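Start counting the sequence shown at 1; every next residue gets the next number (the entry's author numbering). Heads up, the beta-carbon is just placed ideally off N, CA and C, and yes, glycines get one too. The block underneath contains the structure these notes are about, expressed in structure tokens.
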Amino acid sequence: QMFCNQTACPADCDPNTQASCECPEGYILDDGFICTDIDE
Numbered sequence: 001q002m003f004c005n006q007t008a009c010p011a012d013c014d015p016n017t018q019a020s021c022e023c024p025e026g027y028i029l030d031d032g033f034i035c036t037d038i039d040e
């Protein structure tokens with residue numbers, strides 16, 4: 001349950017949560033390898 005840790009940020013796979021990048025279980029990355037979901 002972690003989509004980049006917020007609306008849209010980056011995907012450097014934090015070294016204490018590994019939530020970004022890998023993206024939630026179904027978030028789906030986007031143009032930018034950033035984990036987010038506010039439009040496309």
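Use the C-beta contact count for residue i: other C-beta atoms within 10 angstroms, 16 or more gives buried, fewer gives exposed.
{"i": "residue 3", "result": "buried"}
{"i": "residue 13", "result": "exposed"}
Is the beta carbon of residue j closer than 8 Å to that of residue i?
{"i": "residue 27", "j": "residue 21", "result": "no"}
{"i": "residue 38", "j": "residue 19", "result": "no"}
{"i": "residue 1", "j": "residue 24", "result": "yes"}
Taking the alpha carbon of residue i as the reference point, which residue from the options has its own alpha carbon closest?
{"i": "residue 11", "options": "25, 1 and 30", "result": "30"}
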